[PDB]
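Structure below is work.cif: mmCIF, C-alpha atoms.
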```cif
data_protein
#
loop_
_atom_site.group_PDB
_atom_site.id
_atom_site.type_symbol
_atom_site.label_atom_id
_atom_site.label_comp_id
_atom_site.auth_asym_id
_atom_site.auth_seq_id
_atom_site.Cartn_x
_atom_site.Cartn_y
_atom_site.Cartn_z
ATOM 1 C CA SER A 1 221.680 56.064 125.381
ATOM 2 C CA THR A 2 219.581 53.292 123.893
ATOM 3 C CA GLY A 3 217.977 52.383 120.587
ATOM 4 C CA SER A 4 215.086 50.125 119.599
ATOM 5 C CA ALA A 5 214.077 49.168 116.048
ATOM 6 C CA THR A 6 211.599 46.728 114.585
ATOM 7 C CA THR A 7 212.955 44.050 112.271
ATOM 8 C CA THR A 8 210.638 42.557 109.643
ATOM 9 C CA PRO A 9 210.847 39.349 107.592
ATOM 10 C CA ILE A 10 211.470 40.016 103.895
ATOM 11 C CA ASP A 11 209.067 37.287 102.777
ATOM 12 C CA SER A 12 206.623 34.631 103.967
ATOM 13 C CA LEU A 13 209.438 32.172 104.786
ATOM 14 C CA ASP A 14 211.512 34.459 107.039
ATOM 15 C CA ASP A 15 214.391 34.167 104.545
ATOM 16 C CA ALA A 16 215.951 37.260 106.130
ATOM 17 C CA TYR A 17 214.962 40.250 108.245
ATOM 18 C CA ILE A 18 215.273 43.947 107.438
ATOM 19 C CA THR A 19 215.565 46.851 109.837
ATOM 20 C CA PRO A 20 215.256 50.532 108.883
ATOM 21 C CA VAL A 21 218.441 52.575 109.326
ATOM 22 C CA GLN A 22 218.813 56.347 108.928
ATOM 23 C CA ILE A 23 221.985 57.445 107.123
ATOM 24 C CA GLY A 24 223.109 60.998 106.490
ATOM 25 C CA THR A 25 221.640 64.480 106.767
ATOM 26 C CA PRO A 26 218.824 64.819 105.912
ATOM 27 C CA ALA A 27 218.191 61.189 106.766
ATOM 28 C CA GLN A 28 218.156 58.597 104.007
ATOM 29 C CA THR A 29 216.360 55.517 105.309
ATOM 30 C CA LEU A 30 217.614 52.174 104.007
ATOM 31 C CA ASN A 31 216.403 48.727 105.064
ATOM 32 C CA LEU A 32 219.450 46.748 106.152
ATOM 33 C CA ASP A 33 220.043 43.122 107.052
ATOM 34 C CA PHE A 34 221.505 43.131 110.572
ATOM 35 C CA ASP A 35 224.185 40.437 110.488
ATOM 36 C CA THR A 36 225.892 39.205 113.663
ATOM 37 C CA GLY A 37 228.104 37.046 111.405
ATOM 38 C CA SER A 38 229.931 39.927 109.690
ATOM 39 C CA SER A 39 231.377 43.334 110.492
ATOM 40 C CA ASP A 40 230.834 45.655 107.519
ATOM 41 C CA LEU A 41 228.026 48.203 107.183
ATOM 42 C CA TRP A 42 227.592 48.437 103.423
ATOM 43 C CA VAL A 43 224.854 49.861 101.262
ATOM 44 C CA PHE A 44 223.553 50.025 97.750
ATOM 45 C CA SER A 45 224.439 53.514 96.598
ATOM 46 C CA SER A 46 224.597 56.078 93.819
ATOM 47 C CA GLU A 47 227.995 54.488 93.044
ATOM 48 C CA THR A 48 226.645 50.952 92.528
ATOM 49 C CA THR A 49 226.975 49.655 88.956
ATOM 50 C CA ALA A 50 223.580 50.505 87.461
ATOM 51 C CA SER A 51 222.910 47.044 86.010
ATOM 52 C CA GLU A 52 223.391 45.575 89.490
ATOM 53 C CA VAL A 53 220.649 47.679 91.097
ATOM 54 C CA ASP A 54 217.109 46.289 90.812
ATOM 55 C CA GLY A 55 214.594 47.895 93.152
ATOM 56 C CA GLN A 56 216.827 48.646 96.136
ATOM 57 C CA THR A 57 216.840 52.001 97.872
ATOM 58 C CA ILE A 58 220.230 53.660 97.452
ATOM 59 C CA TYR A 59 222.375 55.900 99.624
ATOM 60 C CA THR A 60 223.534 59.029 97.788
ATOM 61 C CA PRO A 61 226.413 60.545 99.749
ATOM 62 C CA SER A 62 226.438 63.718 97.633
ATOM 63 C CA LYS A 63 222.986 64.529 99.080
ATOM 64 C CA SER A 64 224.188 64.198 102.683
ATOM 65 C CA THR A 65 225.700 67.293 104.266
ATOM 66 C CA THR A 66 227.469 65.121 106.849
ATOM 67 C CA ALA A 67 228.994 62.583 104.418
ATOM 68 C CA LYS A 68 232.761 62.626 103.960
ATOM 69 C CA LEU A 69 234.801 60.413 101.658
ATOM 70 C CA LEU A 70 237.204 58.284 103.677
ATOM 71 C CA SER A 71 240.083 58.957 101.337
ATOM 72 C CA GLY A 72 241.869 55.908 99.952
ATOM 73 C CA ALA A 73 239.688 53.397 101.778
ATOM 74 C CA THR A 74 238.236 50.410 99.959
ATOM 75 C CA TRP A 75 236.378 47.289 101.039
ATOM 76 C CA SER A 76 235.628 43.865 99.613
ATOM 77 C CA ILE A 77 233.742 41.053 101.274
ATOM 78 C CA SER A 78 232.895 37.465 100.430
ATOM 79 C CA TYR A 79 230.231 35.707 102.468
ATOM 80 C CA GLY A 80 229.983 32.013 103.319
ATOM 81 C CA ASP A 81 227.227 31.494 100.762
ATOM 82 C CA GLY A 82 229.438 32.751 97.934
ATOM 83 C CA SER A 83 227.855 36.192 97.631
ATOM 84 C CA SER A 84 230.057 39.284 97.592
ATOM 85 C CA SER A 85 230.251 43.053 97.316
ATOM 86 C CA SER A 86 232.916 45.772 97.238
ATOM 87 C CA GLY A 87 233.442 49.494 96.952
ATOM 88 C CA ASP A 88 234.699 52.619 98.682
ATOM 89 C CA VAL A 89 233.909 54.263 102.019
ATOM 90 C CA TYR A 90 232.274 57.349 103.476
ATOM 91 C CA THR A 91 231.833 58.404 107.055
ATOM 92 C CA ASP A 92 228.394 59.708 107.967
ATOM 93 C CA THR A 93 225.810 59.870 110.729
ATOM 94 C CA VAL A 94 223.929 56.609 111.224
ATOM 95 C CA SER A 95 220.923 56.100 113.487
ATOM 96 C CA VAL A 96 219.112 52.903 114.440
ATOM 97 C CA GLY A 97 215.910 53.112 116.416
ATOM 98 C CA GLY A 98 216.820 56.493 117.885
ATOM 99 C CA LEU A 99 220.466 55.636 118.678
ATOM 100 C CA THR A 100 222.898 57.840 116.738
ATOM 101 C CA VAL A 101 226.546 57.296 115.838
ATOM 102 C CA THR A 102 228.488 60.100 114.194
ATOM 103 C CA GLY A 103 231.450 59.265 111.971
ATOM 104 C CA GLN A 104 230.268 55.722 111.203
ATOM 105 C CA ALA A 105 231.996 54.051 108.253
ATOM 106 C CA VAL A 106 229.348 53.557 105.572
ATOM 107 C CA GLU A 107 230.738 51.280 102.887
ATOM 108 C CA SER A 108 229.329 52.260 99.501
ATOM 109 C CA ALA A 109 228.993 49.397 97.029
ATOM 110 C CA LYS A 110 230.430 49.816 93.567
ATOM 111 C CA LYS A 111 229.788 46.130 92.804
ATOM 112 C CA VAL A 112 227.457 43.509 94.256
ATOM 113 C CA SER A 113 226.944 39.871 93.315
ATOM 114 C CA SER A 114 223.801 38.586 91.652
ATOM 115 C CA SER A 115 222.124 37.322 94.813
ATOM 116 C CA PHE A 116 222.164 40.866 96.223
ATOM 117 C CA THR A 117 220.832 42.417 93.000
ATOM 118 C CA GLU A 118 218.045 39.836 92.902
ATOM 119 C CA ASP A 119 216.880 40.673 96.412
ATOM 120 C CA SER A 120 215.033 43.949 96.027
ATOM 121 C CA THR A 121 214.101 44.102 99.719
ATOM 122 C CA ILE A 122 217.644 44.297 101.150
ATOM 123 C CA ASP A 123 219.388 47.666 100.729
ATOM 124 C CA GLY A 124 222.612 46.521 102.417
ATOM 125 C CA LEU A 125 224.027 44.871 105.529
ATOM 126 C CA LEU A 126 224.794 46.144 109.017
ATOM 127 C CA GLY A 127 227.473 43.940 110.556
ATOM 128 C CA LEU A 128 227.354 43.171 114.270
ATOM 129 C CA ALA A 129 230.212 40.666 114.662
ATOM 130 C CA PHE A 130 233.551 41.829 116.077
ATOM 131 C CA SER A 131 235.350 44.693 114.359
ATOM 132 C CA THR A 132 238.409 42.506 113.759
ATOM 133 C CA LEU A 133 236.481 41.066 110.771
ATOM 134 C CA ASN A 134 235.840 44.450 109.136
ATOM 135 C CA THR A 135 237.232 44.457 105.585
ATOM 136 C CA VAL A 136 238.057 48.151 105.080
ATOM 137 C CA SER A 137 241.626 48.716 103.894
ATOM 138 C CA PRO A 138 244.113 50.162 104.666
ATOM 139 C CA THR A 139 242.481 51.333 107.911
ATOM 140 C CA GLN A 140 240.044 48.828 109.420
ATOM 141 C CA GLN A 141 236.784 50.362 110.644
ATOM 142 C CA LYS A 142 234.522 49.748 113.637
ATOM 143 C CA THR A 143 231.000 48.349 113.587
ATOM 144 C CA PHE A 144 227.981 50.441 114.516
ATOM 145 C CA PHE A 145 227.783 48.613 117.854
ATOM 146 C CA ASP A 146 231.481 49.097 118.606
ATOM 147 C CA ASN A 147 231.130 52.828 117.897
ATOM 148 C CA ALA A 148 227.955 53.111 120.003
ATOM 149 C CA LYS A 149 229.109 50.962 122.908
ATOM 150 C CA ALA A 150 230.649 53.551 125.204
ATOM 151 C CA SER A 151 227.531 55.727 124.988
ATOM 152 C CA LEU A 152 225.074 52.918 125.646
ATOM 153 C CA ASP A 153 223.457 52.484 129.056
ATOM 154 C CA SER A 154 224.808 48.900 128.982
ATOM 155 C CA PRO A 155 227.227 47.511 126.358
ATOM 156 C CA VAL A 156 224.719 45.075 124.873
ATOM 157 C CA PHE A 157 222.340 44.546 122.022
ATOM 158 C CA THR A 158 219.507 42.035 121.807
ATOM 159 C CA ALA A 159 217.898 40.113 118.955
ATOM 160 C CA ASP A 160 214.240 39.138 119.244
ATOM 161 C CA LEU A 161 213.364 37.735 115.836
ATOM 162 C CA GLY A 162 209.788 36.767 115.020
ATOM 163 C CA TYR A 163 208.449 33.626 113.417
ATOM 164 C CA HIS A 164 206.486 34.817 110.389
ATOM 165 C CA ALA A 165 206.166 38.159 112.223
ATOM 166 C CA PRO A 166 208.148 41.297 113.062
ATOM 167 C CA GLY A 167 210.559 41.404 115.982
ATOM 168 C CA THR A 168 213.005 43.788 117.625
ATOM 169 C CA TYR A 169 216.660 44.775 117.843
ATOM 170 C CA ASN A 170 217.450 46.738 121.006
ATOM 171 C CA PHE A 171 220.718 48.506 121.802
ATOM 172 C CA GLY A 172 221.864 49.391 125.298
ATOM 173 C CA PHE A 173 219.220 47.675 127.416
ATOM 174 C CA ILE A 174 217.533 44.361 128.113
ATOM 175 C CA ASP A 175 213.734 44.461 127.829
ATOM 176 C CA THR A 176 212.689 42.255 130.734
ATOM 177 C CA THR A 177 209.131 42.037 129.332
ATOM 178 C CA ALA A 178 210.331 40.397 126.102
ATOM 179 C CA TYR A 179 211.117 36.901 127.415
ATOM 180 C CA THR A 180 209.845 34.280 129.834
ATOM 181 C CA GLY A 181 211.802 32.771 132.701
ATOM 182 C CA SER A 182 215.479 33.660 133.044
ATOM 183 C CA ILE A 183 218.285 34.447 130.617
ATOM 184 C CA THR A 184 221.079 31.858 130.626
ATOM 185 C CA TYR A 185 224.474 33.300 129.784
ATOM 186 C CA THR A 186 227.247 31.320 128.139
ATOM 187 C CA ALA A 187 230.877 32.016 127.235
ATOM 188 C CA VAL A 188 231.958 33.511 123.913
ATOM 189 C CA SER A 189 235.202 33.092 122.029
ATOM 190 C CA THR A 190 236.108 36.055 119.831
ATOM 191 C CA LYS A 191 239.131 34.254 118.339
ATOM 192 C CA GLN A 192 237.529 33.974 114.888
ATOM 193 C CA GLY A 193 235.732 37.341 115.151
ATOM 194 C CA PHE A 194 232.291 35.794 115.666
ATOM 195 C CA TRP A 195 229.836 35.421 118.526
ATOM 196 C CA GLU A 196 231.129 31.872 118.946
ATOM 197 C CA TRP A 197 229.816 29.702 121.771
ATOM 198 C CA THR A 198 229.310 26.040 122.717
ATOM 199 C CA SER A 199 225.868 24.494 122.974
ATOM 200 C CA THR A 200 225.546 21.718 125.535
ATOM 201 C CA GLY A 201 223.521 19.344 123.352
ATOM 202 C CA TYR A 202 220.243 18.653 121.614
ATOM 203 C CA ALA A 203 217.009 16.712 121.485
ATOM 204 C CA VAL A 204 214.720 15.765 118.616
ATOM 205 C CA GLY A 205 211.001 16.087 119.295
ATOM 206 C CA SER A 206 210.039 14.459 122.592
ATOM 207 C CA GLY A 207 213.253 12.400 122.582
ATOM 208 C CA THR A 208 215.907 12.276 125.255
ATOM 209 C CA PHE A 209 218.455 15.075 125.444
ATOM 210 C CA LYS A 210 221.920 14.188 124.131
ATOM 211 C CA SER A 211 224.664 15.936 126.082
ATOM 212 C CA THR A 212 227.372 16.886 123.628
ATOM 213 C CA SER A 213 229.385 20.037 122.972
ATOM 214 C CA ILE A 214 228.508 21.830 119.740
ATOM 215 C CA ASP A 215 230.687 24.841 118.957
ATOM 216 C CA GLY A 216 229.008 27.341 116.658
ATOM 217 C CA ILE A 217 228.198 30.959 115.956
ATOM 218 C CA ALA A 218 225.104 33.045 116.680
ATOM 219 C CA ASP A 219 224.447 34.506 113.232
ATOM 220 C CA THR A 220 221.379 36.629 112.523
ATOM 221 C CA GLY A 221 222.470 36.960 108.888
ATOM 222 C CA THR A 222 222.164 33.223 108.180
ATOM 223 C CA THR A 223 218.636 31.906 107.568
ATOM 224 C CA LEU A 224 218.973 28.273 108.629
ATOM 225 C CA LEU A 225 220.431 26.142 111.426
ATOM 226 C CA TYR A 226 223.609 24.362 110.294
ATOM 227 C CA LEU A 227 224.804 21.569 112.587
ATOM 228 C CA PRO A 228 227.055 18.495 112.401
ATOM 229 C CA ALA A 229 225.929 15.761 110.043
ATOM 230 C CA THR A 230 225.335 13.319 112.902
ATOM 231 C CA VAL A 231 222.880 15.705 114.601
ATOM 232 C CA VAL A 232 221.118 16.600 111.358
ATOM 233 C CA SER A 233 220.721 12.947 110.364
ATOM 234 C CA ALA A 234 219.212 12.167 113.769
ATOM 235 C CA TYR A 235 216.669 14.956 113.260
ATOM 236 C CA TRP A 236 215.564 14.066 109.726
ATOM 237 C CA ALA A 237 215.406 10.337 110.563
ATOM 238 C CA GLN A 238 212.273 11.235 112.546
ATOM 239 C CA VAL A 239 210.492 12.579 109.442
ATOM 240 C CA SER A 240 209.033 9.925 107.120
ATOM 241 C CA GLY A 241 210.315 10.376 103.601
ATOM 242 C CA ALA A 242 212.970 12.970 104.447
ATOM 243 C CA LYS A 243 216.257 12.635 102.592
ATOM 244 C CA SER A 244 219.357 14.552 101.662
ATOM 245 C CA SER A 245 219.210 15.606 98.027
ATOM 246 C CA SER A 246 222.477 16.501 96.326
ATOM 247 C CA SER A 247 220.527 18.002 93.412
ATOM 248 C CA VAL A 248 218.526 20.332 95.666
ATOM 249 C CA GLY A 249 221.427 21.029 98.036
ATOM 250 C CA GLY A 250 220.286 19.632 101.361
ATOM 251 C CA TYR A 251 217.613 17.805 103.268
ATOM 252 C CA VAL A 252 214.123 17.870 101.815
ATOM 253 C CA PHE A 253 210.956 16.347 103.213
ATOM 254 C CA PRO A 254 207.376 15.668 102.096
ATOM 255 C CA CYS A 255 205.306 18.805 102.409
ATOM 256 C CA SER A 256 202.590 16.607 103.970
ATOM 257 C CA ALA A 257 204.791 15.977 107.026
ATOM 258 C CA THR A 258 204.356 17.354 110.510
ATOM 259 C CA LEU A 259 207.886 18.237 111.673
ATOM 260 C CA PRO A 260 209.188 17.485 115.164
ATOM 261 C CA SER A 261 210.658 20.213 117.320
ATOM 262 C CA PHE A 262 214.392 20.571 117.873
ATOM 263 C CA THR A 263 215.864 21.502 121.251
ATOM 264 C CA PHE A 264 219.330 22.950 121.806
ATOM 265 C CA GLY A 265 221.149 23.364 125.092
ATOM 266 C CA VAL A 266 222.463 26.596 126.563
ATOM 267 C CA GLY A 267 224.260 25.533 129.705
ATOM 268 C CA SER A 268 221.632 23.709 131.760
ATOM 269 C CA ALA A 269 218.824 25.539 129.936
ATOM 270 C CA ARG A 270 216.976 24.431 126.828
ATOM 271 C CA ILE A 271 215.634 26.351 123.824
ATOM 272 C CA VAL A 272 212.874 24.593 121.857
ATOM 273 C CA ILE A 273 212.511 25.302 118.148
ATOM 274 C CA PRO A 274 208.956 24.330 117.132
ATOM 275 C CA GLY A 275 208.690 22.021 114.137
ATOM 276 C CA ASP A 276 206.931 24.634 112.037
ATOM 277 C CA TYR A 277 210.022 26.873 112.239
ATOM 278 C CA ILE A 278 211.949 24.169 110.358
ATOM 279 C CA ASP A 279 209.650 24.257 107.278
ATOM 280 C CA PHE A 280 211.020 26.367 104.401
ATOM 281 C CA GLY A 281 208.318 25.377 101.973
ATOM 282 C CA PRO A 282 208.281 23.902 98.477
ATOM 283 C CA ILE A 283 211.653 23.588 96.770
ATOM 284 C CA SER A 284 210.056 25.167 93.688
ATOM 285 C CA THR A 285 206.562 26.540 93.135
ATOM 286 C CA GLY A 286 203.965 23.786 93.232
ATOM 287 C CA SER A 287 206.359 21.085 94.434
ATOM 288 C CA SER A 288 205.357 18.653 97.175
ATOM 289 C CA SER A 289 209.000 18.426 98.288
ATOM 290 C CA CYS A 290 209.805 20.974 100.993
ATOM 291 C CA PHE A 291 213.181 22.372 102.055
ATOM 292 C CA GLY A 292 214.386 21.736 105.583
ATOM 293 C CA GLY A 293 215.447 24.417 108.028
ATOM 294 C CA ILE A 294 218.085 22.252 109.718
ATOM 295 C CA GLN A 295 220.972 21.398 107.409
ATOM 296 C CA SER A 296 224.454 19.931 107.665
ATOM 297 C CA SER A 297 227.390 22.236 108.359
ATOM 298 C CA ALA A 298 229.792 19.714 106.797
ATOM 299 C CA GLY A 299 231.928 21.625 104.327
ATOM 300 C CA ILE A 300 231.032 25.041 105.797
ATOM 301 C CA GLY A 301 233.676 24.501 108.445
ATOM 302 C CA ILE A 302 231.635 25.960 111.290
ATOM 303 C CA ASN A 303 228.257 25.288 112.883
ATOM 304 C CA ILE A 304 225.805 28.174 112.523
ATOM 305 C CA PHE A 305 222.935 29.009 114.850
ATOM 306 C CA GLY A 306 221.090 31.069 112.257
ATOM 307 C CA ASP A 307 217.623 32.557 112.306
ATOM 308 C CA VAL A 308 215.817 29.200 112.635
ATOM 309 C CA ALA A 309 217.449 28.810 116.052
ATOM 310 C CA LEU A 310 217.679 32.426 117.138
ATOM 311 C CA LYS A 311 214.024 33.261 116.449
ATOM 312 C CA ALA A 312 213.028 30.659 119.068
ATOM 313 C CA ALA A 313 214.814 32.752 121.716
ATOM 314 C CA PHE A 314 215.427 36.196 123.135
ATOM 315 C CA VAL A 315 219.169 36.581 122.537
ATOM 316 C CA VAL A 316 221.553 38.917 124.375
ATOM 317 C CA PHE A 317 224.804 39.892 122.673
ATOM 318 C CA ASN A 318 226.813 41.127 125.651
ATOM 319 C CA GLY A 319 229.749 43.237 124.473
ATOM 320 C CA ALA A 320 231.311 43.801 127.878
ATOM 321 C CA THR A 321 235.096 43.507 128.190
ATOM 322 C CA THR A 322 234.603 39.748 128.310
ATOM 323 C CA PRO A 323 231.744 39.141 125.873
ATOM 324 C CA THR A 324 229.014 36.586 126.542
ATOM 325 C CA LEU A 325 225.757 35.421 124.933
ATOM 326 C CA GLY A 326 222.442 35.095 126.735
ATOM 327 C CA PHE A 327 219.436 33.021 125.680
ATOM 328 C CA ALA A 328 215.913 33.013 127.093
ATOM 329 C CA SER A 329 212.707 31.369 125.982
ATOM 330 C CA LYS A 330 209.901 33.720 124.945
#
```
Can you present the structure in this file as C-alpha cells?
Amino acid sequence: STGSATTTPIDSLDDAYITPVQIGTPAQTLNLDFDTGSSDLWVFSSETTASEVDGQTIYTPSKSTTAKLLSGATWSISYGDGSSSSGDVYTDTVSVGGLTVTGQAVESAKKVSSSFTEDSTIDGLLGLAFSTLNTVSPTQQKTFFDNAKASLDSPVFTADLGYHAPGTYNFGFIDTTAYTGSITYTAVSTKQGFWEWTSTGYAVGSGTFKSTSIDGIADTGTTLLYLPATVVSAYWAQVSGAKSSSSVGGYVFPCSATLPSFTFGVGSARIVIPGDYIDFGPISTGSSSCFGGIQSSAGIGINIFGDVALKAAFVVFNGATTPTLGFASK
C-alpha cells in the first residue's frame, strides 16, 4: 500500500504545516501537524477542557463506530518549546492520503497548553519519530508509520515541504519526479528516539564550505533551523545590523536586508537554503526588525534541522531495519 497527502502552511510565514487526517467511522477529518520529532498522535476532542478549545476541529469518539477506549491508558507530553498536552486514549481507524491503519492509538486531549489553544489551525499532532518516544502509559503505543510499515510497498515516508506553498507527505514510495539530481543517504542514530544524523558542514552565502560534523535531528514539527552558536554567529555576521536580542529571544535583522543563503552538507552533497527562507518577518506588527530563521541551539541541547532546512529538500525517512535519511535538492 501507499498514501499521499498534501501538507499546507498554516500562515504566510510557514510557521507550521497541516495535513488532513481521517479518524473514525464515519470519517472525522482533522488537520494535524506531522511531527518527525515526536511519537504521539493526539487530537483535540470532545473530552478537551472547553475553555482550552478555540476554533479547532475536535474528534468525538462517541460518534465513531470503530472507536474503542484503551482502558487505563493515559498520555502526557511536554515539547521542547514548553508546550504540553495530556489525556486518555482510544484506538480507531486512521487514514492519511488513502493509507489506512486499523487499531491506531488516537490520544484524546483532556488538557492542552495555551500555545495549542491559541493556534486554531492545528487540530493535533501526528508523531513520526520512533515509537520508543511514545508517552502512552502503562502500555506504550506505536506511531502511525510504525503500524503502517509492514503493509507499505517500501518502509519509507517522504517530506516535501513547500516554501510559502503546499507540499506533500508520501508513505510507502519515493516519487522520483519530486526532486532533481540524486538522493544522498546518510546514517541515522535512533538512540534518542529521533531521526538523528550528522551533517558534514555548512557554507554562508557564496562563502567557502566549512567541513565540520553537526549532529542534529530532522524535525518537521520545528519551524526553524537551530544550530551551534558558532555556526549561527558566522551566518548573521554577514547581515548588516543583525544581532542577537535577549528581549526578543534570538537573532533579529533589519527588514530592509537581503539575506544570504545557507548551505548544509549531507555526505558529499549540499542542500542550499535560499536567503528568503530565513526571513520570519517583523517581530511585531509594523516593526522594521525581523526575526531570523536560523537560531542558536545553545540551551536546547540538540541541533534541529527544522522546516527552514527541510523545505529546501526532498527528504526520505527510511524506516528499514537500519534506518537512514535521504536528502535531494528540488
Excluding residue 34 (chain A) and its own-chain neighbours fewer than 3 positions away, which residues fall within 8 Å of it when counting all atoms listed in the file? Please give them as a ChimeraX atom specification. /A:17-19,125-128,220-221
Using the chain letters and residue numbers of this document, give as a VMD selection string the residues selected by the PyMOL selection byres ((chain A and resi 295-306) around 7). chain A and resid 215 to 229 232 250 to 251 292 to 294 307 to 310
Given the file above and the PyMOL selection byres ((chain A and resi 87) around 10), which residues are selected, and can you give them as a ChimeraX atom specification? /A:42-45,47-48,73-77,85-86,88-89,107-112,136
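The environment of residue 174 (chain A) within 9 Å, counting all atoms listed in the file and disregarding residues fewer than 2 places along the same chain, consists of residues 154, 156, 157, 158, 170, 171, 172, 176, 177, 178 and 316 of chain A.
Shortest separation to residue 49 (chain A) among A:117, A:104, A:240, A:192 occurs at residue A:117, atoms counted being all atoms listed in the file.
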Can you tell me, as a VMD selection string, what residues are no more than 12 Å from residue 257 (chain A) when counting only C-alpha atoms, ignoring any on the same chain fewer than 5 positions away? chain A and resid 236 238 to 242 252 275 to 276 278 to 279 281 288 to 292
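Note that CA of residue 133 (chain A) and CA of residue 60 (chain A) are 25.7 Å apart.
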Once the PyMOL selection byres ((chain A and resi 262) around 10) is applied to the coordinates I shared, what remains selected? I want it as a PDB file with C-alpha atoms, in the coordinates of the input.
```pdb
ATOM      1  CA  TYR A 202     220.243  18.653 121.614  1.00  0.00           C
ATOM      2  CA  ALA A 203     217.009  16.712 121.485  1.00  0.00           C
ATOM      3  CA  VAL A 204     214.720  15.765 118.616  1.00  0.00           C
ATOM      4  CA  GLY A 205     211.001  16.087 119.295  1.00  0.00           C
ATOM      5  CA  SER A 206     210.039  14.459 122.592  1.00  0.00           C
ATOM      6  CA  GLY A 207     213.253  12.400 122.582  1.00  0.00           C
ATOM      7  CA  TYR A 235     216.669  14.956 113.260  1.00  0.00           C
ATOM      8  CA  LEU A 259     207.886  18.237 111.673  1.00  0.00           C
ATOM      9  CA  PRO A 260     209.188  17.485 115.164  1.00  0.00           C
ATOM     10  CA  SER A 261     210.658  20.213 117.320  1.00  0.00           C
ATOM     11  CA  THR A 263     215.864  21.502 121.251  1.00  0.00           C
ATOM     12  CA  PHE A 264     219.330  22.950 121.806  1.00  0.00           C
ATOM     13  CA  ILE A 271     215.634  26.351 123.824  1.00  0.00           C
ATOM     14  CA  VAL A 272     212.874  24.593 121.857  1.00  0.00           C
ATOM     15  CA  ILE A 273     212.511  25.302 118.148  1.00  0.00           C
ATOM     16  CA  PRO A 274     208.956  24.330 117.132  1.00  0.00           C
ATOM     17  CA  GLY A 275     208.690  22.021 114.137  1.00  0.00           C
ATOM     18  CA  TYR A 277     210.022  26.873 112.239  1.00  0.00           C
ATOM     19  CA  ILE A 278     211.949  24.169 110.358  1.00  0.00           C
ATOM     20  CA  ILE A 294     218.085  22.252 109.718  1.00  0.00           C
ATOM     21  CA  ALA A 309     217.449  28.810 116.052  1.00  0.00           C
TER      22      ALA A 309
END
```
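Atom pair CA of residue 151 (chain A) / CA of residue 320 (chain A): separated by 12.8 Å.
Atom pair CA of residue 194 (chain A) / CA of residue 90 (chain A): separated by 24.8 Å.
Candidate residues A:200, A:70, A:254, A:65 were compared for distance to residue 137 (chain A), and the nearest is A:70, using all atoms listed in the file.
When all atoms listed in the file are used to measure the gap to residue 181 (chain A), the shortest distance among A:313, A:255, A:328, A:69 belongs to A:328.
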